[PDB]
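Structural overview for review
Now for the letters of each chain:
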Amino acid sequence: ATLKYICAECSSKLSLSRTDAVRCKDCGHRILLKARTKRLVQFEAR
Amino acid sequence: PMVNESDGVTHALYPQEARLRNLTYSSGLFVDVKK
Ligand SMILES: [Zn+2]
């Protein structure tokens with residue numbers, strides 16, 4: 001398990017390198033979203 | 001409506017896709033030319 005990118009439609013964790021085809025594994029979809037940091041974000045309950 | 005893009009040939013373009021990928025939601029126009 002390694003997390004870099006997610007698909008929009010099928011929503012399958014992709015994880016690809018710089019110049020490794022912008023398409024999604026399974027559905028041939030070019031729409032991708034980024035991970036979200038493992039850097040746990042904090043908020044004020046206000 | 002379709003998207004004639006490289007890395008592929010052509011496929012059907014849906015509004016939300018076009019909105020995100022900054023493409024034009026346009027369809028092909030074909031006419032029968034006689035000779
Ligand atoms: Zn997919």
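Residues numbered from 1 in each chain as written, not as in the entry; some residues may be left out. Chains lettered and ligands numbered in written order. Part of a larger assembly, values for the part shown. Heavy atoms only, no water.

Method-wise, the PDB entry is recorded as coming from X-ray crystallography, at a reported resolution of 3.9000 Å.

**With respect to the overall build of chain A**
The helix and strand inventory of chain A stands at 0 helices and 2 strands. A principal-axis box enclosing the C-alpha atoms of chain A has dimensions of 45 × 20 × 20 Å. Residue burial in chain A is summarised as follows: out of 46 residues, 15% are buried. Of the contacts made within chain A by residues no fewer than 6 positions apart, 35% connect residues no fewer than 24 positions apart. As presented, chain A carries roughly 4,400 Å² of accessible surface, and 53% of it is formed by carbon and sulfur atoms. Computing the positive centroid from 11 side-chain charges and the negative centroid from 4, chain A places the two 6 Å apart. (Helix = DSSP H or I, 4+ residues; strand = E, 2+ residues; numbered from the N terminus. Buried < 20%, exposed > 50% of the residue type's maximum accessible area, 1.4 Å probe, protein only. Contact = heavy atoms within 4.5 Å. Areas by Shrake-Rupley, 256 points an atom, 1.4 Å probe, with all protein chains shown as cover. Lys, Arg positive; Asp, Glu negative; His and termini not counted. Charge placed at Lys NZ, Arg CZ, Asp CG, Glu CD.)

**Digging into the coordination of the zinc ion**
Residue and element names in this part refer to chain A. On the protein side, the zinc ion has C7 (SG), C10 (SG), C24 (SG) and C27 (SG) as donor atoms, found 2.3 to 2.5 Å from it. One can describe the site at the zinc ion as tetrahedral: its 4 donor atoms subtend angles covering 95 to 128 degrees at the metal. Between consecutive donors of the zinc ion, the numbers of intervening residues give the motif C-x2-C-x13-C-x2-C. Taken together, the residues span a long stretch of sequence, with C7 in strand β1 (residues 5-7) and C27 in the loop between β1 and β2 (32-34) at a distance of 20 residues. Taking the relative accessible area as the measure of exposure, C7 reaches 2% and is therefore buried. Residue class for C27 comes out partly exposed when judged on its relative accessible area of 25%. (Donors = N, O, S within 2.8 Å, 3.2 Å for Na, K, Ca; no water. Tetrahedral: all angles 85-135°; square planar, octahedral: opposite > 155°, others 65-115°.)

**Side note on the interface of chain B and chain A**
The partner chain A presents 4 residues to the 7 residues of chain B that form the contact. The junction of chain B with chain A conceals about 400 Å² of combined surface from both sides, 51% of it contributed by carbon and sulfur atoms. Counting every contact that joins chain B to chain A gives 3 salt bridges. Ionic pairing is found between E5(B) and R23(A), a salt bridge with its closest N-O pair at 3.5 Å. (Buried area = accessible area lost by both parts, 1.4 Å probe. Salt bridge = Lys/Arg side-chain N within 4 Å of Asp/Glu carboxyl O.)

**Observations regarding the side chain of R30(A)**
With respect to the helices, strands and loops of the structure, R30(A) is situated in the loop between β1 and β2. The buried category is assigned to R30(A), whose relative accessible area is 14%. A distance of 2.8 Å separates a polar atom in the side chain of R30(A) from the backbone oxygen of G28(A). Of note is the side chain of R30(A), whose polar atom sits 3.2 Å from the side chain of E5(B). Not counting residues within four places of it along the chain, the set of residues in contact with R30(A) comprises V22(A), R23(A), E5(B), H11(B), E17(B) and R21(B). (Polar contact = N/O pair within 3.5 Å; in protein donor to acceptor, adjacent residues only side chain to side chain.)

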